[PDB]
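S.K.: My structure is below; once you've seen it, I'll send some questions.
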Amino acid sequence: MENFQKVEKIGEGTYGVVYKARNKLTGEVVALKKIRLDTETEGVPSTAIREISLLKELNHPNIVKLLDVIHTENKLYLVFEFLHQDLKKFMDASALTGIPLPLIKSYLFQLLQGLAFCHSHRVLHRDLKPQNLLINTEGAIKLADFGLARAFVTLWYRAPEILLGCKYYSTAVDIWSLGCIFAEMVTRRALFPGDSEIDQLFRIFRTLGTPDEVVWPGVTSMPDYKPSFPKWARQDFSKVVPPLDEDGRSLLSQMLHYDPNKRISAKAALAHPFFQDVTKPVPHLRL
Ligand SMILES: C[C@H](C(=O)Nc1ncc(SCc2ncc(C(C)(C)C)o2)s1)c1ccccc1
Numbered sequence: 001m002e003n004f005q006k007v008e009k010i011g012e013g014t015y016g017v018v019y020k021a022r023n024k025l026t027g028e029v030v031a032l033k034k035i036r037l038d039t040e041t042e043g044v045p046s047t048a049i050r051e052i053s054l055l056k057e058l059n060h061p062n063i064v065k066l067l068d069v070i071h072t073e074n075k076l077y078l079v080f081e082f083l084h085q086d087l088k089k090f091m092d093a094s095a096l097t098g099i100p101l102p103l104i105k106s107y108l109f110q111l112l113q114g115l116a117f118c119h120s121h122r123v124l125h126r127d128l129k130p131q132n133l134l135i136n137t138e139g140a141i142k143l144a145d146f147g148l149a150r151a152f164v165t166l167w168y169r170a171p172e173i174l175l176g177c178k179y180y181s182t183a184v185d186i187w188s189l190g191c192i193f194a195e196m197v198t199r200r201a202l203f204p205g206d207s208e209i210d211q212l213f214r215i216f217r218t219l220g221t222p223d224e225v226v227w228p229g230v231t232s233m234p235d236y237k238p239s240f241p242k243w244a245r246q247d248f249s250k251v252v253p254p255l256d257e258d259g260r261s262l263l264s265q266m267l268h269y270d271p272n273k274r275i276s277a278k279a280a281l282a283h284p285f286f287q288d289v290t291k292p293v294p295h296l297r298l
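Heads up: the sequence shown is residues 1 to 152, 164 to 298, going by the authors' numbering.
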């Protein structure tokens, strides 16, 4: 798009290449996403245009704002509000001291408000990860790449129902991913760092126990469930996320329920006692 000047490659994500750009008209600095070029053959599917157009209306302070959608030269460009840092870089920068618990809590609470909004509109993220969570100097955290999955790789934050081949998975998949991110902020280590789908599944089973019909009715009927799966016993949360307090552990336990129907919703998670003393601290950001 001739109305923009590329400043730097922000990165090469899942939906193409992302650039920091300046809008030659308004002077605004934005994030520009080129949705497929070497893979894109035709002139963008009609149903993809309509789903992206619906996303431009999904406006919330905890969602990276989609400013514009440019369908020109039969290619697709998404213009997003720009944020200077992501949670992965912030966690890497904070690994020696750890993110202070009040900021972890503020980030978790805001992302749960973001998810509550999306979920009320029947919109799922489906691929939540530290790299997709954008932060600013004012203490805000925002969901980026929201709803792009139905419009058109790291397995660490994948819900078990996805790994077991459930085709019609729900909003509970985002709650699972956010619980994994919560555990990671607390411990300064990924909860389930799998490098294959089976390794991902087996790491979940080693910590939370191999699921069965007792904890998850219908699990043995899942597409990729195998009766030959090894049977591991569950481990206590006190071993999984020390030194997280009991309110935090209780909330995490509910975000990591096997059964998607028992997993806490974003709305109910916001009422959890863990957020009784939530505040909005400001991070130490070196840009
Ligand atoms: C972390 C930050 C950054 O990515 N800022 C940004 N602001 C707004 C943005 S569009 C949302 C989005 N689409 C795709 C993404 C990635 C690939 C980064 C996950 O994110 S992406 C940054 C990275 C590298 C250099 C400067 C800024």
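We put the CB at the ideal spot given by N, CA and C, even for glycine.
How is the alpha helix (DSSP H) around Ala277 delimited, first residue to last?
M.R.: That run of the alpha helix (DSSP H) goes 277 to 281.
S.K.: Is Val64 a contact residue of ligand 1, with contact defined as CB to any heavy atom under 6 Å?
M.R.: yes
S.K.: Could you give the uninterrupted runs of the alpha helix (DSSP H) lying entirely in the segment 55 to 100, keeping only those of 4 residues or more?
M.R.: 87 to 94
S.K.: Is any heavy atom in ligand 1 found nearer than 6 Å to the beta carbon of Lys33?
M.R.: Correct: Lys33 has its Cβ closer than 6 Å to ligand 1.
S.K.: Let me check understanding here. Comparing Cα to Cα, which of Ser46, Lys105, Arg122, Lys142 lies closest to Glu81?
M.R.: A check of alpha carbon separations from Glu81 across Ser46, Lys105, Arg122, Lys142 identifies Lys142 as the nearest.
S.K.: In whole angstroms, what is the alpha-carbon distance linking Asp127 and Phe193?
M.R.: 15 Å
S.K.: Going by the CB atoms, is the gap between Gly147 and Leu55 shorter than 7 Å?
M.R.: yes
S.K.: Just to confirm my understanding: we take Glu8, look at its own chain, exclude 5 residues before and 5 after, and list those with CB closer than 8 Å. What are they?
M.R.: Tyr19, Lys20
S.K.: Let me check understanding here. Comparing Cα to Cα, which of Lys33, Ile49, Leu103, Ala93 lies closest to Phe286?
M.R.: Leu103
S.K.: Helix, strand or coil, according to DSSP, for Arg22 in the structure here?
M.R.: strand
S.K.: Measuring only the C-alpha atoms, how far is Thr137 from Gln85?
M.R.: Roughly 9 Å separates the two Cα atoms.
S.K.: Using 7 Å as the threshold, is the C-beta distance between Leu83 and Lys33 below it?
M.R.: no
S.K.: If you follow the beta strand (DSSP E) that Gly11 is part of, which residue opens it and which one closes it?
M.R.: For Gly11, the uninterrupted beta strand (DSSP E) segment begins and ends at 4 to 12.
S.K.: Could you work out which residue in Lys65, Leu115, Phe240, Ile99 is closest to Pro254 when comparing CA atoms only?
M.R.: Nearest option by C-alpha distance: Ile99.
S.K.: Does ligand 3 have even one heavy atom less than 6 Å from the beta-carbon of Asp247?
M.R.: Of the ligands one can find in the structure shown, namely ligand 1, none is ligand 3.
S.K.: Taking 6 Å as the cut-off, is the CB of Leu83 close to at least one heavy atom of ligand 1?
M.R.: yes
S.K.: Indicate whether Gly205 and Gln211 have their beta-carbon atoms separated by less than 7 Å.
M.R.: yes
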